[PDB]
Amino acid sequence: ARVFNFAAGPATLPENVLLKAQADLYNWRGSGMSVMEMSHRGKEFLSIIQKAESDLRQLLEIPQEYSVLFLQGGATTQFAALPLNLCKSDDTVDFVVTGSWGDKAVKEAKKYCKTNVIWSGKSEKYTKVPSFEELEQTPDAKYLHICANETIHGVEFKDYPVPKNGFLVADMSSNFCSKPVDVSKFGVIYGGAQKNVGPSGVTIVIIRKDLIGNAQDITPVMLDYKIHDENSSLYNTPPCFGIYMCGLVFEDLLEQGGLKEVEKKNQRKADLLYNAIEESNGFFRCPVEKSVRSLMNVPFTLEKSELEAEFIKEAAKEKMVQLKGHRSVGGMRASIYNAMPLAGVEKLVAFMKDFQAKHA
């Protein structure tokens, strides 16, 4: 039997998607070959990548004046690609840092331009999002960078800051296609697929067309947005199978009723877990400020922290796996992405109630 897989990325996937991929793995739609053997210059793969793009455009209501790029290298490669493409070496980028993934973006961007961290959550252990009107943005900043869902720290933007001088860029890796997003407010949205929308090996970049072009001279060709855009993500050999898998996920999210329906389910199942924590009378604790609690990644600790290893081991015996926190922070982390069944969060909640009764 399949387990309830609380991993933060790569992560659990819908069973109907996995079964479709199994059904077609040897011979996709009578083409006589697997997706994994198709030429990226051929008509079958063309149909796949084009439908993945159109389905994603439908899901997020992406306006026509945005490009959609399917790339390799992870969100971490975009930490370099963003300043290399969007800035000159003496331009400045503003960052709002609400957890360690935004901090990693700052440190990589320092190689390629000037960076200003205009706000950091670190003094309160990355539990909060700033009041935006209070933000002091840099008068000449090319763009303002956020990590919309801080996967380790469980801090999620529920509304967005307005850039003063330039455009907004958001790492949406761990809440990608979890809810509607006004894409027009952003110059760039990017995310690795593996958290919430596919297998690892694909990164999606949604980028306003008038921002493509004029990358720095030292930009590798494989990081150049203009190269990717003008070749429709087929400049070199793309991650064909991962793009196909993302397409299955997008098609299925549309069948579920789209991102408004996805968000409803995420909110419901996240409420069950957060309520159980809040009702445990301190036995379980979530440090994050209520209004920015992530629907995707739920970090929590035990008041008796020495009990956390037993919690994690017994949960895994109960077929609930990968609940240990990220190694940087420890504690526990329940990642409850789109495809996590409601019954899995219910099982974790019932396990938590039973564990507390036995250790209190």
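When you see a residue number, it is the position in the sequence shown, counting from 1.
- Once the C-alpha B-factors are averaged per stretch, 176-184 and 161-169 rank with 161-169 first.
- Comparing the deposited coordinates for 298-306 and 31-39, the stretch with the larger average C-alpha B-factor is 298-306.
- Remark: of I336, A21, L13, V349, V349 shows the highest value [criterion: C-alpha B-factor in the PDB entry].
- The entry lists C-alpha B-factors for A52, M332, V292, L59, and the highest of these is at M332.
- Placement of the Cα temperature factor of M320 within the chain: highest third of the modelled residues, per the deposited record.
- For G73, the recorded CA B-factor ranks within the lowest third of the chain. Only modelled residues enter the ranking.
- Sort the modelled residues of the chain by CA B factor and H145 lands in the lowest third.
- Looking at the C-alpha B-factors along this chain, the one for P139 belongs to the highest third.
- Remark: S131 belongs to the highest third of its chain, ranked by C-alpha B-factor as recorded.
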